[PDB]
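Line by line, the protein sequences are chains B and A.
The first sequence maps to residues 1 to 219 in PDB author numbering.
The second sequence maps to residues 1 to 219 in PDB author numbering.
There are 2 protein chains.
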Amino acid sequence: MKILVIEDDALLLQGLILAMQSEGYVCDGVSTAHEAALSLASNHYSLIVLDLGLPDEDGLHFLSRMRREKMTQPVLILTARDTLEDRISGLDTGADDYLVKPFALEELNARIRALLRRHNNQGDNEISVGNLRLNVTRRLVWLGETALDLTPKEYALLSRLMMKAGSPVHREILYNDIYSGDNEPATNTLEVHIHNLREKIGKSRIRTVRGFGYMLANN
Amino acid sequence: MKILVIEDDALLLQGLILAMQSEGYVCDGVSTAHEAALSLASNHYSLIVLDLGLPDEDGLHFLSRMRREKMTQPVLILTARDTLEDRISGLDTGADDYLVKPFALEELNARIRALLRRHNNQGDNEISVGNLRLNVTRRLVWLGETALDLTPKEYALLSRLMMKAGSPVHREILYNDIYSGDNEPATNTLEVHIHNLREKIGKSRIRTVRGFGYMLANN
DNA sequence: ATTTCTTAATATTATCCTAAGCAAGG
DNA sequence: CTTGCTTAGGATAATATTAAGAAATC
Ligand code: BEF
Ligand code: BEF
Ligand SMILES: [Mg+2]
Ligand SMILES: [Mg+2]
């Protein structure tokens with residue numbers, strides 16, 4: 001990923017850039033709030049490091065702005081201010097960790113590591129075949145791109161046939177996918193709800209499997 | 001927004017629990033790894049807090065199993081084991097922060113407030129859906145120009161609804177979000193309380209999704 | 001001494017099922 | 001001639017809506 005580092009001390013700033021590289025992050029770094037602003041506006045950064053002791057504009061105000069400016073990225077603070085209130089206020093200004101100087105480098109490498117692992121998979125499990133985009137995580141389906149009203153039975157069938165889409169699903173799989181245990185119905189609802197899915201205005205992407213079951217369209 | 005607090009020092013444990021409540025979270029404190037684990041199975045937690053010094057099993061061991069079983073929950077260790085080898089080893093295991101004992105409950109409130117600012121929504125408050133301004137730190141919701149008089153459960157429910165806004169939030173979520181452990185109510189609590197949020201002007205901004213929980217709408 | 005929560009007992013649907021006839025697969 | 005399709009008022013289980021008397025909370 002791409003880290004940006006921010007340090008008023010030059011010897012330090014280089015030491016960091018180089019360290020962040022030893023670990024293998026593509027890394028830029030700067031000694032000015034202004035330049036930090038220009039580089040943020042320039043590139044994409046997965047993580048920021050900071051100092052509150054910036055010479056041009058105070059770091060806290062820069063963070064205040066950065067998120068006020070609706071740039072939301074993880075921001076680690078690495079600072080000389082170990083005052084309790086400083087930890088507090090920083091952490092409350094949108095700062096996702098606070099590391100006091102003097103510090104050990106392997107710690108900073110770990111805190112950054114953890115911050116990034118959390119940042120890393122925010123990914124939503126998704127399945128889209130055709131117009132349909134099924135969101136396993138959001139429980140949102142889209143005949144692309146529009147809302148799909150789905151009763152729980154409808155959604156269960158759609159996602160079972162979406163997950164297996166294109167290779168015919170056997171009838172018993174779909175039946176059980178709907179009513180658990182004592183809930184088992186006597187007649188003709190598999191067909192009723194398959195009918196309803198087909199009636200979504202999405203033009204029958206279900207092909208009927210003659211022997212047993214039903215299948216979904218592919219391309 | 002219901003925390004689990006895991007500790008084996010009694011006095012401290014009750015204190016933490018009562019403190020977490022004191023901020024407006026809801027909490028289940030436990031004394032050990034098995035209790036913790038079973039408590040993971042049953043309920044749904046916004047954040048957990050961990051101790052390594054448990055008599056049961058070592059907090060880390062549990063964190064390895066937890067996070068290896070793909071429990072994506074944000075952990076925050078807090079322990080009496082301060083060595084740098086300890087914190088790096090803890091973080092890599094791993095936890096989304098670590099804080100050493102002793103400490104000010106205020107640093108803990110700050111790091112947690114932050115950690116959740118990260119997890120649930122991205123970056124910073126305020127989450128704003130439609131005209132509603134929801135500020136995580138200030139505990140206040142605003143409808144357009146004005147504010148709302150929101151009961152605690154009202155604020156928490158609307159909070160979890162705006163966090164996930166645009167997506168239907170399952171019932172069990174809002175439930176576990178409101179009620180801590182022993183305080184689980186037996187009747188109608190959801191629908192009534194939601195009926196009150198709804199009756200607070202802005203209806204209908206909450207779509208009931210049958211078979212599921214309730215969704216918020218931004219368009 | 002207000003304010004906020006929980007309990008029922010209520011009233012209102014949304015979603016599933018009831019078959020029973022009509023389409024075809026084969 | 002067996003297997004899937006379509007048709008709805010009508011049963012079911014889910015949420016809505018109350019109003020009052022518990023708890024909290026001041
Ligand atoms: F002066 Be900075 F906080 F390192
Ligand atoms: F005793 Be525990 F590790 F704080
Ligand atoms: Mg400085
Ligand atoms: Mg301990």
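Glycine residues also receive a C-beta, built at the ideal position from the N, C-alpha and C atoms.
Cross-strand partners of residue i (DSSP beta bridge)
i, result
"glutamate 126 (chain B)", "B:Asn135"
"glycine 181 (chain B)", "Bridge partners of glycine 181 (chain B): none, in fact."
"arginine 207 (chain A)", "A:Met215"
"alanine 147 (chain B)", "B:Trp142"
"residue 222 (chain B)", "The structure shown does not extend to residue 222 (chain B), since chain B is modelled only from 1 to 219, so the question has no answer here."
"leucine 47 (chain A)", "A:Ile3"
"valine 169 (chain A)", "A:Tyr214"
Spatial distance of residue i from residue j (CA atoms)
i, j, result
"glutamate 199 (chain A)", "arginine 117 (chain A)", "28 Å"
"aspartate 56 (chain A)", "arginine 133 (chain B)", "46 Å"
"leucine 38 (chain A)", "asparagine 219 (chain A)", "40 Å"
"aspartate 28 (chain A)", "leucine 12 (chain A)", "14 Å"
"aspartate 58 (chain B)", "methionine 66 (chain A)", "40 Å"
"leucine 78 (chain A)", "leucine 4 (chain A)", "13 Å"
"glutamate 184 (chain B)", "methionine 163 (chain A)", "37 Å"
"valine 192 (chain B)", "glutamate 154 (chain B)", "10 Å"
"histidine 34 (chain A)", "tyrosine 45 (chain A)", "16 Å"
"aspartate 182 (chain B)", "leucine 40 (chain A)", "28 Å"
"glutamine 122 (chain A)", "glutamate 69 (chain B)", "14 Å"
"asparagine 109 (chain B)", "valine 75 (chain A)", "19 Å"
"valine 100 (chain A)", "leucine 197 (chain A)", "40 Å"
"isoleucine 194 (chain B)", "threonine 187 (chain A)", "35 Å"
"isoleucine 178 (chain B)", "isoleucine 178 (chain A)", "30 Å"
"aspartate 149 (chain B)", "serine 180 (chain B)", "23 Å"
"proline 102 (chain B)", "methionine 71 (chain A)", "34 Å"
"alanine 19 (chain A)", "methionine 20 (chain B)", "38 Å"
"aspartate 82 (chain B)", "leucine 52 (chain A)", "25 Å"
"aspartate 96 (chain B)", "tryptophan 142 (chain B)", "34 Å"
Closest residue to residue i among the options (Cα-Cα distance)
i, options, result
"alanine 36 (chain B)", "B:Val100, B:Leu63, B:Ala19", "B:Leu63"
"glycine 94 (chain B)", "B:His61, B:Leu157, B:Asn109", "B:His61"
"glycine 130 (chain B)", "B:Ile3, B:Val26, B:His34, B:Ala217", "B:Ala217"
"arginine 205 (chain A)", "A:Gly166, A:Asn176, A:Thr187, A:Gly211", "A:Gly166"
"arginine 171 (chain A)", "A:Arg210, A:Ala80, A:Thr83", "A:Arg210"
"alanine 147 (chain B)", "A:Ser89, A:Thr146, A:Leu148, A:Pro168", "A:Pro168"
"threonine 32 (chain B)", "B:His195, B:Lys101, B:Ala10", "B:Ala10"
"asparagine 43 (chain A)", "A:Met20, A:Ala186, A:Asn176, A:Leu190", "A:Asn176"
"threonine 151 (chain B)", "A:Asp82, A:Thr208, A:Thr151", "A:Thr208"
"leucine 84 (chain A)", "B:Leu143, B:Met20, B:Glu145, B:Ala104", "B:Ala104"
"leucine 190 (chain A)", "A:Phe212, A:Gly202, A:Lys203", "A:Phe212"
"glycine 202 (chain B)", "B:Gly144, B:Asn188, B:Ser180, B:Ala186", "B:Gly144"
"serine 159 (chain B)", "B:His195, B:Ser128, B:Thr187, B:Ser180", "B:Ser128"
Pair within 8 Å by beta-carbon distance, residue i and residue j
i, j, result
"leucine 161 (chain B)", "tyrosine 98 (chain B)", "no"
"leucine 50 (chain B)", "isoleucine 6 (chain B)", "yes"
"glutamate 126 (chain B)", "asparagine 120 (chain B)", "no"
"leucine 157 (chain B)", "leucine 140 (chain B)", "no"
"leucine 54 (chain A)", "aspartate 8 (chain A)", "yes"
"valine 26 (chain B)", "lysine 2 (chain B)", "yes"
"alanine 80 (chain B)", "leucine 91 (chain A)", "no"
"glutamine 14 (chain A)", "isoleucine 48 (chain A)", "no"
"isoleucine 88 (chain A)", "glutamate 23 (chain B)", "no"
"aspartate 124 (chain B)", "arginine 111 (chain B)", "no"
**Request:** Would you list, in sequence order, the uninterrupted alpha helix (DSSP H) runs of no fewer than 4 residues that lie entirely inside the region 70-118 of chain A?
**Result:** 84-91
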